[PDB]
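The structure appears below as structure tokens.
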Number of protein chains: 2
Amino acid sequence: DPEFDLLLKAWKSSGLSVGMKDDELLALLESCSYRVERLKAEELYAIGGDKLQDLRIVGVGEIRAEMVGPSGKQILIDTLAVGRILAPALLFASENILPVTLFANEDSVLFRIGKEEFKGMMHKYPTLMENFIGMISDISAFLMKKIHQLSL
Amino acid sequence: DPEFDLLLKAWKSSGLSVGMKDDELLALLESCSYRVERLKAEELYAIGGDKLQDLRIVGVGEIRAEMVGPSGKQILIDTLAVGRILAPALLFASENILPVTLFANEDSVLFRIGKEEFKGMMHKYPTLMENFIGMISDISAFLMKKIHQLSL
């Protein structure tokens with residue numbers, strides 16, 4: 001599959017794959033299903049709080065993303081190349097979901113894996129689990145450091 | 001009052017326990033190694049940041065905790081009842097680790113399960129996994145909303 005190959009390069013590029021030999025990777029992903037989101041270069045997209053409860057990974061291209069506060073204040077800008085995960089820390093969140101806006105610097109593709117299926121994928125492969133938990137852990141640690149910077 | 005009882009009661013109070021059959025929960029703690037940390041009331045200890053890579057649950061008593069920025073500002077002050085997890089989002093974090101200062105209110109006990117072990121428990125009991133992941137997801141959510149609120 002060509003499209004599957006893309007996903008694979010993306011995951012290899014992603015942080016989620018660290019510590020996995022190729023067999024594990026392929027094991028993980030062949031028996032896994034996903035929809036595809038296409039993003040036409042230089043158009044804008046908003047993704048609200050509840051449509052953010054899916055794993056999304058940049059498979060193709062590059063997008064610019066930023067959370068927006070409860071006031072419209074735009075925080076945490078980022079450029080996400082191939083392999084980055086969109087808003088990973090909010091996948092499994094219940095309260096306080098700021099929405100996010102995306103700008104396509106090029107034509108771009110996000111692979112979208114559903115929340116419940118991903119929940120299983122992590123259960124089947126503990127390395128995947130440690131990786132995803134570490135990912136959102138580091139994000140947290142960072143936010144904590146940026147909160148120091150913005151205090152008195 | 002039996003040490004394994006404190007532990008067990010702690011977990012039951014904890015957010016980690018939500019949706020687990022008491023029987024599941026028992027078999028969890030049954031085969032579980034952990035040490036103990038005793039905090040004499042009104043003294044102030046400092047853990048962090050290398051030593052924050054272990055599950056700590058408030059077993060007895062009550063603790064005031066807070067993080068410490070690079071330049072000394074304390075942030076994110078909270079008071080942790082029994083069943084509370086100390087600094088969960090930093091357990092699998094690999095960078096930007098702020099340290100923690102605890103102040104006992106009462107005489108207090110923490111239970112320290114090891115990272116690799118806790119990794120294991122989350123594997124075996126998926127509901128524990130979803131719980132912990134969501135716990136730290138929610139923290140990140142909060143952290144963002146507070147970053148927004150400080151920015152002007």
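Quick note on naming: the chains in the structure tokens go A, B, ... in the order shown, residues restart at 1 in each chain, and ligands are numbered from 1 in order of appearance.
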
Contact table stretch 45-143 of chain B vs stretch 12-17 of chain B, cut-off 7 Å, shortest pair per residue, only C-alpha atoms, as JSON lines:
{"residue": "B:82", "atom": "CA", "partner": "B:13", "partner_atom": "CA", "distance": 6.8}
{"residue": "B:83", "atom": "CA", "partner": "B:14", "partner_atom": "CA", "distance": 3.9}
{"residue": "B:84", "atom": "CA", "partner": "B:14", "partner_atom": "CA", "distance": 5.8}
{"residue": "B:128", "atom": "CA", "partner": "B:16", "partner_atom": "CA", "distance": 5.8}
{"residue": "B:131", "atom": "CA", "partner": "B:16", "partner_atom": "CA", "distance": 5.4}
{"residue": "B:132", "atom": "CA", "partner": "B:16", "partner_atom": "CA", "distance": 6.0}

Could I get chain A fitted onto chain B (least squares, all C-alpha atoms, in order) as a tab-separated table (two decimals) with N, CA and C atoms, in the first residue's frame?
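In the end it all went to result.tsv:
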chain	number	residue	atom	x	y	z
A	1	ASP	N	-2.53	-7.58	56.68
A	1	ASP	CA	-1.48	-6.59	56.90
A	1	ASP	C	-2.18	-5.26	57.21
A	2	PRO	N	-1.72	-4.53	58.25
A	2	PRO	CA	-2.33	-3.23	58.54
A	2	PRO	C	-1.88	-2.17	57.53
A	3	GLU	N	-0.57	-2.12	57.35
A	3	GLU	CA	0.09	-1.23	56.41
A	3	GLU	C	-0.43	-1.44	55.00
A	4	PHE	N	-0.66	-2.69	54.62
A	4	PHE	CA	-1.26	-2.95	53.33
A	4	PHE	C	-2.68	-2.37	53.26
A	5	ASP	N	-3.45	-2.48	54.34
A	5	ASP	CA	-4.80	-1.93	54.37
A	5	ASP	C	-4.82	-0.43	54.08
A	6	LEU	N	-3.81	0.26	54.60
A	6	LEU	CA	-3.64	1.69	54.39
A	6	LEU	C	-3.50	2.02	52.91
A	7	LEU	N	-2.53	1.37	52.28
A	7	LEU	CA	-2.31	1.44	50.85
A	7	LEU	C	-3.60	1.22	50.09
A	8	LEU	N	-4.35	0.22	50.51
A	8	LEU	CA	-5.57	-0.10	49.81
A	8	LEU	C	-6.59	1.03	49.91
A	9	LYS	N	-6.75	1.60	51.11
A	9	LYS	CA	-7.75	2.67	51.28
A	9	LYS	C	-7.29	3.84	50.42
A	10	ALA	N	-5.97	4.04	50.40
A	10	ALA	CA	-5.36	5.12	49.66
A	10	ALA	C	-5.69	5.00	48.18
A	11	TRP	N	-5.46	3.82	47.62
A	11	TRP	CA	-5.73	3.59	46.21
A	11	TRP	C	-7.21	3.72	45.90
A	12	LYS	N	-8.06	3.21	46.78
A	12	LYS	CA	-9.49	3.33	46.57
A	12	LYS	C	-9.85	4.81	46.52
A	13	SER	N	-9.23	5.59	47.41
A	13	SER	CA	-9.37	7.05	47.44
A	13	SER	C	-8.79	7.77	46.23
A	14	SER	N	-7.72	7.20	45.67
A	14	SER	CA	-7.04	7.75	44.50
A	14	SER	C	-7.86	7.67	43.22
A	15	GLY	N	-7.47	8.46	42.23
A	15	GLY	CA	-8.18	8.49	40.97
A	15	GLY	C	-7.90	7.25	40.16
A	16	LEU	N	-6.71	6.69	40.34
A	16	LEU	CA	-6.26	5.50	39.63
A	16	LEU	C	-7.17	4.26	39.69
A	17	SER	N	-8.11	4.24	40.63
A	17	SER	CA	-8.90	3.03	40.89
A	17	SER	C	-10.25	3.08	40.20
A	18	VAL	N	-10.61	4.24	39.68
A	18	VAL	CA	-11.91	4.42	39.04
A	18	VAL	C	-12.18	3.31	38.03
A	19	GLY	N	-13.37	2.72	38.10
A	19	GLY	CA	-13.79	1.74	37.12
A	19	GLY	C	-13.32	0.32	37.43
A	20	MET	N	-12.74	0.12	38.61
A	20	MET	CA	-12.24	-1.17	39.03
A	20	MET	C	-13.08	-1.80	40.13
A	21	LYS	N	-13.61	-3.00	39.92
A	21	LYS	CA	-14.26	-3.70	41.04
A	21	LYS	C	-13.16	-4.15	42.04
A	22	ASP	N	-13.55	-4.49	43.27
A	22	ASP	CA	-12.58	-4.76	44.33
A	22	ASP	C	-11.58	-5.85	43.98
A	23	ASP	N	-12.06	-6.89	43.29
A	23	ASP	CA	-11.19	-7.99	42.89
A	23	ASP	C	-9.97	-7.51	42.10
A	24	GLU	N	-10.23	-6.67	41.09
A	24	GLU	CA	-9.17	-6.07	40.28
A	24	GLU	C	-8.19	-5.29	41.13
A	25	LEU	N	-8.72	-4.47	42.03
A	25	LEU	CA	-7.89	-3.71	42.93
A	25	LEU	C	-6.91	-4.59	43.67
A	26	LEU	N	-7.45	-5.62	44.32
A	26	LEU	CA	-6.66	-6.51	45.15
A	26	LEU	C	-5.72	-7.34	44.32
A	27	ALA	N	-6.20	-7.74	43.15
A	27	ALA	CA	-5.36	-8.43	42.19
A	27	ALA	C	-4.14	-7.57	41.97
A	28	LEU	N	-4.38	-6.35	41.51
A	28	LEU	CA	-3.34	-5.36	41.23
A	28	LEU	C	-2.30	-5.15	42.35
A	29	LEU	N	-2.76	-5.07	43.60
A	29	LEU	CA	-1.92	-4.54	44.67
A	29	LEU	C	-1.23	-5.56	45.58
A	30	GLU	N	-1.77	-6.77	45.67
A	30	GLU	CA	-1.18	-7.78	46.53
A	30	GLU	C	0.17	-8.27	45.97
A	31	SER	N	0.23	-8.41	44.65
A	31	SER	CA	1.44	-8.84	43.95
A	31	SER	C	2.34	-7.67	43.60
A	32	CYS	N	2.22	-6.60	44.37
A	32	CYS	CA	2.91	-5.37	44.05
A	32	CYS	C	3.74	-4.96	45.24
A	33	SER	N	4.94	-4.45	44.97
A	33	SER	CA	5.84	-4.07	46.04
A	33	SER	C	6.11	-2.58	46.02
A	34	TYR	N	6.51	-2.06	47.18
A	34	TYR	CA	6.52	-0.64	47.45
A	34	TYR	C	7.33	-0.37	48.71
A	35	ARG	N	8.11	0.71	48.70
A	35	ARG	CA	8.73	1.15	49.93
A	35	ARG	C	7.82	2.19	50.61
A	36	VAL	N	8.15	2.60	51.82
A	36	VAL	CA	7.33	3.55	52.57
A	36	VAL	C	8.13	4.77	53.03
A	37	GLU	N	7.62	5.96	52.73
A	37	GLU	CA	8.27	7.20	53.14
A	37	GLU	C	7.47	7.82	54.28
A	38	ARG	N	8.12	8.03	55.43
A	38	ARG	CA	7.46	8.65	56.58
A	38	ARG	C	7.84	10.12	56.72
A	39	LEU	N	6.85	10.95	57.04
A	39	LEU	CA	7.04	12.40	57.07
A	39	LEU	C	6.56	13.01	58.37
A	40	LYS	N	7.51	13.41	59.23
A	40	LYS	CA	7.19	13.90	60.57
A	40	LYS	C	6.53	15.26	60.45
A	41	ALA	N	5.37	15.42	61.10
A	41	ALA	CA	4.59	16.66	61.01
A	41	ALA	C	5.43	17.94	61.07
A	42	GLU	N	5.11	18.88	60.19
A	42	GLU	CA	5.72	20.21	60.14
A	42	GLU	C	7.22	20.25	59.85
A	43	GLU	N	7.76	19.18	59.28
A	43	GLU	CA	9.12	19.26	58.76
A	43	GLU	C	9.04	19.50	57.24
A	44	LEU	N	10.14	19.95	56.65
A	44	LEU	CA	10.20	20.23	55.22
A	44	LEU	C	11.01	19.17	54.49
A	45	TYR	N	10.65	18.90	53.23
A	45	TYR	CA	11.41	17.95	52.42
A	45	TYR	C	11.48	18.45	50.98
A	46	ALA	N	12.62	18.28	50.33
A	46	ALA	CA	12.70	18.58	48.91
A	46	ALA	C	12.82	17.29	48.15
A	47	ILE	N	12.16	17.21	47.01
A	47	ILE	CA	12.37	16.07	46.13
A	47	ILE	C	12.79	16.56	44.73
A	48	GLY	N	14.01	16.19	44.35
A	48	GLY	CA	14.59	16.70	43.12
A	48	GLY	C	14.06	15.97	41.91
A	49	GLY	N	14.46	16.46	40.74
A	49	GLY	CA	14.04	15.94	39.45
A	49	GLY	C	14.10	14.43	39.23
A	50	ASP	N	15.17	13.76	39.65
A	50	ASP	CA	15.27	12.34	39.31
A	50	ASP	C	14.70	11.43	40.40
A	51	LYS	N	14.63	11.92	41.63
A	51	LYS	CA	14.02	11.10	42.67
A	51	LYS	C	12.49	11.19	42.56
A	52	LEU	N	12.02	11.89	41.53
A	52	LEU	CA	10.60	12.08	41.28
A	52	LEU	C	10.08	11.14	40.23
A	53	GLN	N	10.96	10.25	39.78
A	53	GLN	CA	10.61	9.24	38.79
A	53	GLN	C	10.05	7.98	39.46
A	54	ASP	N	9.31	8.16	40.55
A	54	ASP	CA	8.57	7.07	41.16
A	54	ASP	C	7.15	7.50	41.39
A	55	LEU	N	6.24	6.55	41.29
A	55	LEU	CA	4.87	6.76	41.73
A	55	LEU	C	4.85	6.99	43.25
A	56	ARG	N	4.32	8.12	43.69
A	56	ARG	CA	4.10	8.28	45.12
A	56	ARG	C	2.63	8.59	45.38
A	57	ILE	N	2.07	7.92	46.37
A	57	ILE	CA	0.69	8.16	46.74
A	57	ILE	C	0.59	8.46	48.23
A	58	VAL	N	-0.23	9.45	48.56
A	58	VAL	CA	-0.44	9.82	49.95
A	58	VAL	C	-1.28	8.74	50.58
A	59	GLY	N	-0.67	7.97	51.47
A	59	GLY	CA	-1.38	6.91	52.16
A	59	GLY	C	-1.94	7.34	53.50
A	60	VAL	N	-1.24	8.27	54.14
A	60	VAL	CA	-1.57	8.72	55.48
A	60	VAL	C	-1.32	10.20	55.64
A	61	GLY	N	-2.27	10.91	56.23
A	61	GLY	CA	-2.05	12.30	56.60
A	61	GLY	C	-2.33	13.29	55.49
A	62	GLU	N	-1.48	14.30	55.37
A	62	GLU	CA	-1.70	15.35	54.38
A	62	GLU	C	-0.47	16.24	54.23
A	63	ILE	N	-0.05	16.49	53.00
A	63	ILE	CA	1.09	17.36	52.78
A	63	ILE	C	0.75	18.47	51.78
A	64	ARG	N	1.49	19.57	51.90
A	64	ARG	CA	1.35	20.71	51.01
A	64	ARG	C	2.57	20.73	50.09
A	65	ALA	N	2.31	20.90	48.80
A	65	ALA	CA	3.36	20.75	47.80
A	65	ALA	C	3.29	21.85	46.75
A	66	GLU	N	4.45	22.21	46.20
A	66	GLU	CA	4.52	23.22	45.16
A	66	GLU	C	5.76	23.01	44.33
A	67	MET	N	5.63	23.17	43.01
A	67	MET	CA	6.78	23.11	42.12
A	67	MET	C	7.53	24.40	42.24
A	68	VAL	N	8.83	24.37	42.00
A	68	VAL	CA	9.56	25.62	41.99
A	68	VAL	C	10.21	25.81	40.63
A	69	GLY	N	10.04	27.01	40.08
A	69	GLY	CA	10.47	27.33	38.73
A	69	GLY	C	11.97	27.30	38.60
A	70	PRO	N	12.50	27.70	37.43
A	70	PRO	CA	13.95	27.64	37.25
A	70	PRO	C	14.62	28.84	37.92
A	71	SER	N	13.79	29.66	38.56
A	71	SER	CA	14.19	30.93	39.14
A	71	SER	C	13.90	30.97	40.64
A	72	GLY	N	13.24	29.93	41.12
A	72	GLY	CA	12.88	29.84	42.51
A	72	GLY	C	11.46	30.30	42.69
A	73	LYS	N	10.83	30.67	41.57
A	73	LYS	CA	9.42	31.06	41.59
A	73	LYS	C	8.59	29.82	41.89
A	74	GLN	N	7.72	29.95	42.89
A	74	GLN	CA	6.99	28.81	43.41
A	74	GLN	C	5.61	28.72	42.79
A	75	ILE	N	5.42	27.74	41.92
A	75	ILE	CA	4.15	27.55	41.24
A	75	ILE	C	3.39	26.30	41.67
A	76	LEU	N	2.16	26.22	41.17
A	76	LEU	CA	1.30	25.06	41.35
A	76	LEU	C	1.28	24.53	42.78
A	77	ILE	N	0.97	25.39	43.75
A	77	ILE	CA	0.80	24.89	45.12
A	77	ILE	C	-0.40	23.98	45.15
A	78	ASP	N	-0.39	23.04	46.09
A	78	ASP	CA	-1.51	22.14	46.24
A	78	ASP	C	-1.47	21.52	47.61
A	79	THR	N	-2.64	21.13	48.12
A	79	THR	CA	-2.70	20.31	49.32
A	79	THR	C	-3.14	18.92	48.92
A	80	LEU	N	-2.37	17.92	49.31
A	80	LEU	CA	-2.62	16.56	48.89
A	80	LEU	C	-3.08	15.74	50.07
A	81	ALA	N	-4.35	15.37	50.10
A	81	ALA	CA	-4.83	14.46	51.13
A	81	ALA	C	-4.57	13.02	50.76
A	82	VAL	N	-5.07	12.11	51.58
A	82	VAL	CA	-4.87	10.69	51.32
A	82	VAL	C	-5.49	10.27	50.00
A	83	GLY	N	-4.68	9.60	49.17
A	83	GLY	CA	-5.12	9.16	47.86
A	83	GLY	C	-4.56	9.96	46.69
A	84	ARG	N	-4.05	11.15	46.97
A	84	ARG	CA	-3.50	11.96	45.90
A	84	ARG	C	-2.16	11.38	45.48
A	85	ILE	N	-1.82	11.56	44.20
A	85	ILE	CA	-0.50	11.19	43.70
A	85	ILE	C	0.38	12.41	43.54
A	86	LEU	N	1.58	12.33	44.12
A	86	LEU	CA	2.56	13.39	43.97
A	86	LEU	C	3.07	13.47	42.54
A	87	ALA	N	3.04	14.67	41.98
A	87	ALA	CA	3.62	14.97	40.67
A	87	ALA	C	3.49	13.87	39.64
A	88	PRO	N	2.26	13.35	39.42
A	88	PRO	CA	2.13	12.19	38.53
A	88	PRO	C	2.64	12.47	37.14
A	89	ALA	N	2.51	13.72	36.71
A	89	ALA	CA	2.80	14.08	35.34
A	89	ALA	C	4.29	14.06	35.04
A	90	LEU	N	5.12	13.96	36.07
A	90	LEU	CA	6.55	14.02	35.83
A	90	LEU	C	7.20	12.66	35.97
A	91	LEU	N	6.40	11.66	36.31
A	91	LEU	CA	6.91	10.32	36.51
A	91	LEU	C	7.66	9.86	35.28
A	92	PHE	N	7.01	9.99	34.13
A	92	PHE	CA	7.54	9.50	32.87
A	92	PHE	C	8.07	10.62	32.01
A	93	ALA	N	8.62	11.64	32.63
A	93	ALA	CA	9.12	12.72	31.82
A	93	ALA	C	10.62	12.59	31.69
A	94	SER	N	11.15	13.11	30.59
A	94	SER	CA	12.57	13.05	30.23
A	94	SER	C	13.28	14.39	30.37
A	95	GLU	N	12.61	15.45	29.94
A	95	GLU	CA	13.17	16.79	29.98
A	95	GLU	C	12.30	17.68	30.86
A	96	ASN	N	12.87	18.76	31.39
A	96	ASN	CA	12.14	19.86	32.08
A	96	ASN	C	11.58	19.55	33.46
A	97	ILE	N	12.31	18.78	34.26
A	97	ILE	CA	11.78	18.40	35.56
A	97	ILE	C	12.03	19.44	36.64
A	98	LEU	N	11.06	20.31	36.88
A	98	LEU	CA	11.12	21.19	38.04
A	98	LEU	C	11.08	20.35	39.32
A	99	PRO	N	11.89	20.71	40.34
A	99	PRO	CA	11.83	20.03	41.63
A	99	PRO	C	10.63	20.48	42.46
A	100	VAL	N	10.35	19.80	43.56
A	100	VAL	CA	9.15	20.08	44.33
A	100	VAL	C	9.44	20.02	45.82
A	101	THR	N	8.79	20.88	46.58
A	101	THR	CA	8.99	20.89	48.02
A	101	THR	C	7.70	20.48	48.75
A	102	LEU	N	7.86	19.73	49.83
A	102	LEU	CA	6.73	19.19	50.58
A	102	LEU	C	6.71	19.67	52.00
A	103	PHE	N	5.54	20.10	52.45
A	103	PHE	CA	5.35	20.41	53.85
A	103	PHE	C	4.29	19.51	54.44
A	104	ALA	N	4.65	18.83	55.52
A	104	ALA	CA	3.71	17.96	56.22
A	104	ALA	C	2.78	18.72	57.16
A	105	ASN	N	1.52	18.92	56.78
A	105	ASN	CA	0.56	19.51	57.71
A	105	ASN	C	0.29	18.62	58.94
A	106	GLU	N	0.57	17.32	58.81
A	106	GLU	CA	0.44	16.36	59.91
A	106	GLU	C	1.55	15.35	59.75
A	107	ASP	N	1.60	14.35	60.63
A	107	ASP	CA	2.46	13.19	60.36
A	107	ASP	C	1.86	12.51	59.15
A	108	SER	N	2.70	12.08	58.22
A	108	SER	CA	2.17	11.63	56.94
A	108	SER	C	2.98	10.49	56.33
A	109	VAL	N	2.30	9.66	55.54
A	109	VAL	CA	2.96	8.57	54.84
A	109	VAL	C	2.73	8.57	53.32
A	110	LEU	N	3.82	8.47	52.57
A	110	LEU	CA	3.76	8.22	51.13
A	110	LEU	C	4.20	6.79	50.81
A	111	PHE	N	3.39	6.08	50.03
A	111	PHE	CA	3.77	4.77	49.53
A	111	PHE	C	4.46	4.96	48.20
A	112	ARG	N	5.64	4.39	48.05
A	112	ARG	CA	6.43	4.62	46.84
A	112	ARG	C	6.60	3.36	46.02
A	113	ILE	N	6.00	3.36	44.84
A	113	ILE	CA	6.14	2.29	43.88
A	113	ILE	C	7.10	2.68	42.78
A	114	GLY	N	8.07	1.83	42.49
A	114	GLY	CA	9.05	2.15	41.47
A	114	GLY	C	8.50	2.34	40.06
A	115	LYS	N	9.18	3.19	39.29
A	115	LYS	CA	8.76	3.52	37.93
A	115	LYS	C	8.58	2.29	37.04
A	116	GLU	N	9.58	1.42	37.00
A	116	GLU	CA	9.49	0.27	36.11
A	116	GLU	C	8.37	-0.67	36.54
A	117	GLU	N	8.21	-0.88	37.85
A	117	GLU	CA	7.15	-1.79	38.28
A	117	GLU	C	5.80	-1.21	37.95
A	118	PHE	N	5.65	0.09	38.12
A	118	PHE	CA	4.39	0.73	37.83
A	118	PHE	C	4.10	0.61	36.35
A	119	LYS	N	5.16	0.66	35.55
A	119	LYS	CA	5.05	0.55	34.09
A	119	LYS	C	4.39	-0.79	33.76
A	120	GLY	N	4.75	-1.82	34.52
A	120	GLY	CA	4.16	-3.12	34.34
A	120	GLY	C	2.72	-3.22	34.81
A	121	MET	N	2.47	-2.65	35.99
A	121	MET	CA	1.14	-2.63	36.58
A	121	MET	C	0.14	-2.05	35.60
A	122	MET	N	0.54	-0.98	34.92
A	122	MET	CA	-0.35	-0.37	33.94
A	122	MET	C	-0.54	-1.31	32.76
A	123	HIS	N	0.51	-2.03	32.41
A	123	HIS	CA	0.36	-2.92	31.30
A	123	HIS	C	-0.59	-4.08	31.61
A	124	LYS	N	-0.46	-4.66	32.80
A	124	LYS	CA	-1.32	-5.78	33.22
A	124	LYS	C	-2.80	-5.38	33.30
A	125	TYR	N	-3.08	-4.19	33.81
A	125	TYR	CA	-4.46	-3.77	34.02
A	125	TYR	C	-4.75	-2.52	33.22
A	126	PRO	N	-5.40	-2.69	32.07
A	126	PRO	CA	-5.68	-1.59	31.15
A	126	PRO	C	-6.50	-0.47	31.80
A	127	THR	N	-7.43	-0.80	32.70
A	127	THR	CA	-8.15	0.24	33.42
A	127	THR	C	-7.18	1.14	34.20
A	128	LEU	N	-6.20	0.54	34.86
A	128	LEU	CA	-5.18	1.32	35.54
A	128	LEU	C	-4.49	2.26	34.55
A	129	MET	N	-4.14	1.71	33.39
A	129	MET	CA	-3.49	2.49	32.35
A	129	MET	C	-4.35	3.68	31.91
A	130	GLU	N	-5.62	3.44	31.60
A	130	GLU	CA	-6.47	4.52	31.12
A	130	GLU	C	-6.54	5.58	32.21
A	131	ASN	N	-6.69	5.12	33.45
A	131	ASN	CA	-6.80	6.05	34.55
A	131	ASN	C	-5.57	6.94	34.68
A	132	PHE	N	-4.38	6.35	34.69
A	132	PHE	CA	-3.18	7.15	34.89
A	132	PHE	C	-2.96	8.11	33.73
A	133	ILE	N	-3.16	7.63	32.51
A	133	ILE	CA	-3.05	8.50	31.35
A	133	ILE	C	-4.08	9.65	31.40
A	134	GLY	N	-5.31	9.35	31.80
A	134	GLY	CA	-6.32	10.38	31.94
A	134	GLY	C	-5.94	11.38	33.01
A	135	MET	N	-5.38	10.88	34.11
A	135	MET	CA	-4.95	11.76	35.18
A	135	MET	C	-3.99	12.80	34.63
A	136	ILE	N	-2.90	12.38	34.01
A	136	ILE	CA	-1.90	13.36	33.61
A	136	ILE	C	-2.40	14.19	32.42
A	137	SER	N	-3.38	13.65	31.70
A	137	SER	CA	-4.04	14.37	30.61
A	137	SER	C	-4.75	15.59	31.15
A	138	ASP	N	-5.60	15.37	32.15
A	138	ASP	CA	-6.31	16.45	32.81
A	138	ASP	C	-5.37	17.50	33.41
A	139	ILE	N	-4.31	17.06	34.07
A	139	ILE	CA	-3.29	17.98	34.55
A	139	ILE	C	-2.79	18.88	33.43
A	140	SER	N	-2.40	18.28	32.31
A	140	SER	CA	-2.03	19.05	31.13
A	140	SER	C	-3.08	20.07	30.68
A	141	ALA	N	-4.33	19.63	30.59
A	141	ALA	CA	-5.41	20.50	30.12
A	141	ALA	C	-5.52	21.71	31.03
A	142	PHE	N	-5.30	21.46	32.31
A	142	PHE	CA	-5.39	22.49	33.30
A	142	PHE	C	-4.27	23.51	33.10
A	143	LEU	N	-3.04	23.02	32.99
A	143	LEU	CA	-1.90	23.88	32.79
A	143	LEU	C	-2.15	24.75	31.58
A	144	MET	N	-2.74	24.16	30.55
A	144	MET	CA	-3.06	24.91	29.35
A	144	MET	C	-4.04	26.04	29.64
A	145	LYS	N	-5.03	25.79	30.48
A	145	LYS	CA	-5.96	26.85	30.82
A	145	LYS	C	-5.28	27.93	31.65
A	146	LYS	N	-4.38	27.55	32.55
A	146	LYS	CA	-3.69	28.54	33.38
A	146	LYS	C	-2.71	29.33	32.52
A	147	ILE	N	-2.27	28.77	31.41
A	147	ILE	CA	-1.39	29.54	30.53
A	147	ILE	C	-2.16	30.64	29.80
A	148	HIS	N	-3.40	30.35	29.36
A	148	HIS	CA	-4.27	31.40	28.82
A	148	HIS	C	-4.37	32.54	29.83
A	149	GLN	N	-4.77	32.22	31.06
A	149	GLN	CA	-4.91	33.22	32.10
A	149	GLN	C	-3.69	34.11	32.25
A	150	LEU	N	-2.51	33.56	31.99
A	150	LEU	CA	-1.30	34.33	32.22
A	150	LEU	C	-0.69	34.89	30.92
A	151	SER	N	-1.51	35.15	29.90
A	151	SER	CA	-0.95	35.67	28.64
A	151	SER	C	-1.49	37.03	28.24
A	152	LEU	N	-1.07	37.50	27.06
A	152	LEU	CA	-1.47	38.82	26.56
A	152	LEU	C	-1.84	38.80	25.07

I need the residues of stretch 25-77 of chain A that end up classed as strand (DSSP E) by DSSP on the backbone, written out as a ChimeraX atom specification. /A:35-39,44-47,54-60,63-68,74-77

Select from stretch 10-124 of chain A everything DSSP, run on the backbone, classes as helix (DSSP H, G or I), then give the selection as a PyMOL selection string. chain A and resi 10-13+15-17+22-30+88-90+115-124
